[PDB]
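Structural features, examined
The primary structure of each chain is shown beneath.
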Amino acid sequence: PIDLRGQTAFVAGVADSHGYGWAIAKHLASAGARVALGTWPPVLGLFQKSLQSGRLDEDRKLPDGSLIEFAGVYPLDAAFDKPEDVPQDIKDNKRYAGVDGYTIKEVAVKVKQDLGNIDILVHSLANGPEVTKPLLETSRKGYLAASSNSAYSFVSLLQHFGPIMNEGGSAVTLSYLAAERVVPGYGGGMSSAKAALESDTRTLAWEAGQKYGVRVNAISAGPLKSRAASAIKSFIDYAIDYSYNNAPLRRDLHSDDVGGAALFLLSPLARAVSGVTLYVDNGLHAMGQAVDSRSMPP
Amino acid sequence: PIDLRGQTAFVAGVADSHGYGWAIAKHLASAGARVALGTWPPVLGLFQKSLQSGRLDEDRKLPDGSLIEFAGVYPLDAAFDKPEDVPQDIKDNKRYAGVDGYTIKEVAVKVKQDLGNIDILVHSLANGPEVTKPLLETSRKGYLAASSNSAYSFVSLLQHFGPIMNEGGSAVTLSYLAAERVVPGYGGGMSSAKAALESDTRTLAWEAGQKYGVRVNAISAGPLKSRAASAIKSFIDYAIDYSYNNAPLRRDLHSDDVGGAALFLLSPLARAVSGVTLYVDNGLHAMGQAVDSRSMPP
Amino acid sequence: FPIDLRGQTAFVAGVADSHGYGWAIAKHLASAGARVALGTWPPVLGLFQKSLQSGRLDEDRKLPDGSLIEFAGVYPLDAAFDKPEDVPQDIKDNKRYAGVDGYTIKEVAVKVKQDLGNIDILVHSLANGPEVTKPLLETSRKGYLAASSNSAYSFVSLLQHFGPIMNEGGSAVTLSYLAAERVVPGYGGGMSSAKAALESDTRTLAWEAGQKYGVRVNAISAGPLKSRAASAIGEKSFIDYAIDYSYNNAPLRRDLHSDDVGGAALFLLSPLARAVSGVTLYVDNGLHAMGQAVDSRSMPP
Amino acid sequence: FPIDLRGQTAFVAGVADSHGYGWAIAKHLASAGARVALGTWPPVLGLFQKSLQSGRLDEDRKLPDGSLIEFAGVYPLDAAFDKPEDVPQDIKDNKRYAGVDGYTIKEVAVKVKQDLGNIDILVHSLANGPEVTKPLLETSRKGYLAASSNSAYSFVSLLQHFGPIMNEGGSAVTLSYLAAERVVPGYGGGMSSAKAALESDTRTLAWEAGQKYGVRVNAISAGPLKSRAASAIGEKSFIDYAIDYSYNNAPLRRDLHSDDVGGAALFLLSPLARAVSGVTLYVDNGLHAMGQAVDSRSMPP
Ligand SMILES: NC(=O)c1ccc[n+]([C@@H]2O[C@H](COP(=O)([O-])OP(=O)(O)OC[C@H]3O[C@@H](n4cnc5c(N)ncnc54)[C@H](O)[C@@H]3O)[C@@H](O)[C@H]2O)c1
Ligand SMILES: NC(=O)c1ccc[n+]([C@@H]2O[C@H](COP(=O)([O-])OP(=O)(O)OC[C@H]3O[C@@H](n4cnc5c(N)ncnc54)[C@H](O)[C@@H]3O)[C@@H](O)[C@H]2O)c1
Ligand SMILES: NC(=O)c1ccc[n+]([C@@H]2O[C@H](COP(=O)([O-])OP(=O)(O)OC[C@H]3O[C@@H](n4cnc5c(N)ncnc54)[C@H](O)[C@@H]3O)[C@@H](O)[C@H]2O)c1
Ligand SMILES: NC(=O)c1ccc[n+]([C@@H]2O[C@H](COP(=O)([O-])OP(=O)(O)OC[C@H]3O[C@@H](n4cnc5c(N)ncnc54)[C@H](O)[C@@H]3O)[C@@H](O)[C@H]2O)c1
Ligand SMILES: CCCc1ccc(Oc2ccc(C#N)cc2Cl)c(O)c1
Ligand SMILES: CCCc1ccc(Oc2ccc(C#N)cc2Cl)c(O)c1
Ligand SMILES: CCCc1ccc(Oc2ccc(C#N)cc2Cl)c(O)c1
Ligand SMILES: CCCc1ccc(Oc2ccc(C#N)cc2Cl)c(O)c1
């Protein structure tokens, strides 16, 4: 089926056991692949502590009894390309204390000398500084902050990992429905960016397909209560409810279901698949009407 | 702006003053065009009676005081291409009494000798014999009946009017959102067909653009209480409510708003516009979530 | 273990040979260990069964590990029909249709329930449009409706009758071509329409089947493949020019072997895809993504 | 009378010459009788104002009836900025930026309210990506974000500041290129991304503006046009090859004169379109519809 044994993979955007990031890394390992991580500096120490402590061990369990193992947990700030781009505030920011080589370019180099060429690239990271504000209120600063962090980070990740990705390697990034249709509350220009992330998924499928022979795809995924989601009865608690009531599949959306899907797009089975936006959302993309609306009877 | 004076137009699917059919014909006339009609035989006598009586005269008023005038009200059954295709039941059906030349091919000929070559083609007609049944219940007979009447009718209309349409002429057909996203209640395979109607709108934009130089477009339009709609607190009464509560524009959807749009796609202003699906629906296509759902607070 | 289909049973409708995507799926459903059954269009069941019995297709029946794919049952199946009573005497007595019965959908679906019991997986790999070499402006109504009766509705009726016997969490997947959403000249006779209806009935059914049965429904929009059915379209094959176009214009510059879609389907029909429904998956080497042919005669070589 | 815009006032942001779609719209908004105002990128207001005052563009300013289009006001306007405080001393004192002030969005939007009062119509016809000759894999972050700051966000800020002064039923429309939804090679520097953000912010804003103000928002995805801005992309113009491609591959085999989109916009911004919002309209001679370039080197001539 899917033995990715002898393949190296890099997962960017993993700092806990709740994000989609984790899930992906978890299914990749379960298929035999070597799995590394890029983690946001400030929250790195804690993540490692979590791991070392042996408290994320229930989460690291392989359906056979093995515990996942990571080839490296790399400090990574996708807001930064090369060292010359990191401000002096940040360099001096306490929470970035005693870590270096965390810019995209830098990590890419570290991975090559540490692990060699790789096969798989996962992009699981976004940041909207004005996510809670409607577009009519989102300022330029936030909009661009929301785009730089959540969209260009991908193009830059490809730009630097691509040159060290084997042929037939694959790369995946996670988008949200708000990119295509209006989803109130997904403000701060996160929708705008997500849309750019999808376009770039296509545009890159072309540039990476031709230059490197590397497939590039996106998953538009459904509501999941990651820590990044929890931080906006919350906006995503209501999100989960809607999708549960209105989608074709009346079932819960687990971190994994995206991991599963991700595995695929990252496995040989998907050798013909590129520039695709794959809906892992219990089929809610397909509905053109709320069935539980207050406008129909109950 | 839009003086279609000296242009001949044919509108298929008009039997009352409530359908989108009417609206289109009404805006076309108001721009100076000659306007003919194709009307379902059984309901022809009555339509004419309505007109002659001087009771649809409030509906026929031009924003200047003139009353619309039609160059011809032609019997038309779009379920039938050429006379050899009409069963012996129908030929003998009382409601088709004392009318002939109502097959598509036949009407096309009648229009040419009666009016000459034409410029504009409007397609405003659909029929689902199992519209009220979910797809899992729709039988082959109904599905195909639903497709023949509502989709192929267009391709056949182009096939026969195309050869008598001037260069730069245009043709328009009306679709529903259910074609792209799942709209419960729009069963009987009407959704399937609508989707075929859109594809064919594209496919024909290509064949009619190249062979005849004729533009071909569709309007995916919002809920309107035509008589054809009323016949399914009804399924469309609830339809109108939903769209009113959930769309970007909180406003009523009048027959006209589609007529307006139609005028455009049929005017010179749209000389570069072909194969398009244009949403005249108060912007509800753009939402990816019910705002009045019972899942959010009120 | 990431994809394990042991204990699950699959029905792959539309398999007559070993060149079509259909084959590739049965082969991919089965290395995953699923028990696989087939529906073969009646007029060529003899020619197909014989290629099997004889060994001509042994080369195509080899899995990775080096064992041979076997089938739980080869079912006569005409997708144009639903019920014995739908069959016209024209055929009831067609020399090629002789030697077989119970080959309508409702009938197959019965025999499968008798023979194998509830299924978990269902594959719709078939289509038929008599006027496909004809442009839409030259396509007959009869021929158009036939295309749709064969390539689109068949999927519906196939869900209706195989639905009740499908396990919760079951999957079904149909096959489509890009012509549905954008004009591809030469792919005529209403097939482009028919596939569009299909993709939409895949969104609709995903909803209905997804609620009543808890079954998922999906479409794999595939690129061009030299199969018996393709080579029949229209010297230099119309299918060949397509394959050529793709090879020169798709992001991934590579051959499209059927196995590709084979593996693509396997995903969609597996536990891995248990949150994926109503989608159209482009297994086309990324060609869906392009806005321009790159080898245009308008552009520099 | 089917399209009458007498009494309505329009602001067309992004007009420096008489070749761009921008021009064509002001010209189409105005034959409809609307009073029209312009925003010109500061560095070329002199060259533009002078072409007007002189008469060089009289040939382009003639309407059907044979009268001349006049403007209610020509406003200095840099879309990269929102507020006086957003302006860096770099520019505050750029030789080309001298002789003008109050050229940020919030400022223009003020002066327009002072000078003309509430508007009904708003046109976003501008874009700027310094690295557009660069593929995405060679595009800088700074240059990418600039593209987006200039071509996409500008639209947002333009709605924010012109919103409150817009009448209920007002309209706004931006401009896009097919590159947003499918790869068009050569259209780089992040512009493809930027336009995608734009089309999406056109769906989003249509909702927000559509509720708060009752204003409609729409996008016209246009085909290639030889404008100053295009000819600047990259011998044989990159824009020329595009125009050529289209002429050979689009359903309607004809020239795309700017007036086309000119009239297309006029519709969207008029009472006729009062139920149309959040849409992307392809004014491209139907090229959006095609799945294959028909003059491929893979296909027979
Ligand atoms: N939670 C959901 O249901 C949901 C829904 C739709 C889409 N998504 C998408 O999935 C992806 C991951 O979502 P998640 O919230 O499950 O994962 P998550 O909660 O772990 O958050 C994403 C990770 O990216 C990290 N990150 C933020 N800024 C970074 C920077 N500049 N450099 C490096 N890392 C940075 C965050 O710390 C976080 O660990 C995101 O891109 C998001 O857009 C999530
Ligand atoms: N009413 C709405 O809100 C609504 C919504 C979405 C789409 N539409 C579409 O708009 C079009 C017109 O809709 P409407 O209901 O407003 O108009 P309508 O109520 O007048 O019905 C369409 C016309 O077509 C005629 N017709 C049916 N079968 C025919 C046949 N085989 N040959 C010739 N004529 C035939 C009907 O008699 C009717 O007059 C339809 O195609 C429909 O799909 C309507
Ligand atoms: N071949 C391609 O490049 C291509 C591309 C996109 C989609 N598809 C789709 O894939 C499916 C099959 O793939 P293929 O190209 O290998 O076809 P194919 O080579 O298998 O030829 C048709 C297949 O379906 C069966 N079939 C044909 N008509 C039938 C009928 N009316 N009743 C029952 N069975 C019938 C035949 O047994 C045959 O195996 C079709 O639905 C087609 O639309 C094919
Ligand atoms: N030209 C085409 O074929 C084409 C195709 C699709 C979409 N468009 C869109 O149409 C719009 C303009 O059409 P065009 O091609 O005639 O452009 P153009 O020829 O008018 O050149 C850019 C125009 O916008 C203004 N402008 C440029 N940068 C600006 C800045 N940063 N601040 C304020 N104003 C600025 C200039 O005055 C100029 O008139 C753009 O948004 C572009 O994306 C153009
Ligand atoms: C219904 C919402 C589903 C949803 C949940 C989480 C998402 O991811 C993020 C969202 C915002 C920020 C920030 N800042 C960071 C991340 Cl990782 C998302 O894109 C969409
Ligand atoms: C919410 C529904 C909006 C809606 C209303 C009316 C429509 O038109 C028809 C529908 C069914 C039949 C039949 N038989 C005939 C027509 Cl003219 C439509 O397609 C969609
Ligand atoms: C141009 C290649 C795309 C393409 C190639 C082959 C396809 O399969 C069929 C095509 C036509 C008919 C018929 N009749 C039957 C089948 Cl199984 C297809 O659907 C689309
Ligand atoms: C290939 C033709 C498509 C095309 C042509 C011209 C366009 O307009 C611009 C293009 C680039 C820049 C910049 N920087 C500015 C503008 Cl106004 C466009 O958006 C898209």
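Here the numbering of residues is sequential along each chain, from 1 in written sequence order, and it may depart from the entry's numbering. Residues without coordinates do not appear. The lettering of chains begins at A and the numbering of ligands begins at 1, in the order of writing. Note that water and hydrogens are dropped before the side-chain values are worked out from all heavy atoms of the structure. Residues with missing side-chain atoms are left out of burial classes, side-chain pairs and their counts.

This deposited entry lists X-ray crystallography as its structure determination method and 2.70 Å as its resolution.

1. Description of helix α9 (residues 255–265) of chain B
Rules: Type-normalised accessible area, obtained with a 1.4 Å probe on protein chains alone, sets the label of each residue: buried when under 20%, exposed when over 50%, and partly exposed for intermediate values. Working definition: helices are DSSP H or I runs of at least four residues, strands are E runs of at least two. Numbering for both runs from the N terminus. Whether two residues are in contact is decided by their heavy atoms: any pair within 4.5 Å suffices.
Of all 11 residues that make up α9(B), 10 are buried, and the element is covered over most of its length. As for α9(B), its buried residues are in contact with α1 (20–30), β5 (165–175), β6 (215–221) and β7 (277–280) of chain B together with α9 (259–268) and β7 (280–283) of chain D.

2. Brief notes about the interface of chain C and chain D
Spelled out, the test is: When two components associate, each loses some accessible surface as probed by a 1.4 Å sphere; the sum of these losses over both components is called the buried area. The salt bridge definition used is simple: a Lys or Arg side-chain nitrogen within 4 Å of an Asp or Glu carboxyl oxygen. Here a polar contact is taken to be a pair of N or O atoms separated by no more than 3.5 Å, where protein atoms must pair a possible hydrogen donor with a possible acceptor and residues adjacent in sequence count only if both atoms sit in side chains. Each residue gets one label: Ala, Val, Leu, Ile, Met, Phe, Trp, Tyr, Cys and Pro are nonpolar, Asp, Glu, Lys and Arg are charged, and the others, such as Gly, are polar.
The partner chain D presents 25 residues to the 25 residues of chain C that form the contact. Summed over both sides, the interface between chain C and chain D buries roughly 2300 Å², with carbon and sulfur atoms accounting for 56% of that surface. Broken down residue by residue, the surface that chain C buries against chain D is led by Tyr245(C), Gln292(C) and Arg297(C), which jointly contribute 29%. Here chain C and chain D share zero salt bridges between them. Viewed at the interface, chain D and chain C are joined by 18 residue pairs in polar contact. Looking at the side of chain C that touches chain D residue by residue, the class counts come to 14 nonpolar, seven polar and four charged.

3. Structural notes on the sheet that holds strand β3 (residues 72–75) of chain A
Residues and elements named next belong to chain A. Let me state the cut-off plainly: In this description, strands pair whenever DSSP reports at least two bridges between them. Between N-to-C directions, angles cover 0 to 180 degrees, with each direction set by a line fitted to C-alpha atoms, over the stretch in contact for helices.
Spatially, seven strands are ordered β3-β2-β1-β4-β5-β6-β7 in an open sheet, and the strand pairing comes out parallel. Of all the strands in the sheet, just β3 and β7 (277–280) have a single pairing partner and so form its edges. For this sheet, the mean inter-axis angle between neighbouring strands, taken without regard to orientation, is 20°. In this sheet, strand β5 (residues 165–175) lies alongside strand β4 (residues 118–123) in parallel orientation, the contact comprising five bridges. Bridge pairing links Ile118 to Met165 in β5. Packing against the sheet, helix α4 (residues 104–115) makes contact with β1 (8–12), β2 (34–39), β3 and β4, and its axis sits at approximately 155° to β3.

4. Concerning the site of ligand 5
Residue and element names in this part refer to chain A. What counts is decided by this rule: Neighbouring residues are identified by heavy atoms, a residue being near a molecule or strand if any of them is within 4 Å of it. The protein chains shown are the only cover counted for residues, whose accessible areas, like all others here, come from Shrake-Rupley with a 1.4 Å probe.
The local shell around ligand 5 consists of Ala126, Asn127, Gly128, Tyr176, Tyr186, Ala228, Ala229, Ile236 and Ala239. The separation between a nitrogen atom of ligand 5 and a polar main-chain atom of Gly128 is 2.7 Å. Within the side chain of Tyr186, an N or O atom sits 2.6 Å from an oxygen atom of ligand 5. When isolated, ligand 5 has an accessible area of 490 Å², and the protein chains bury 82% of it.

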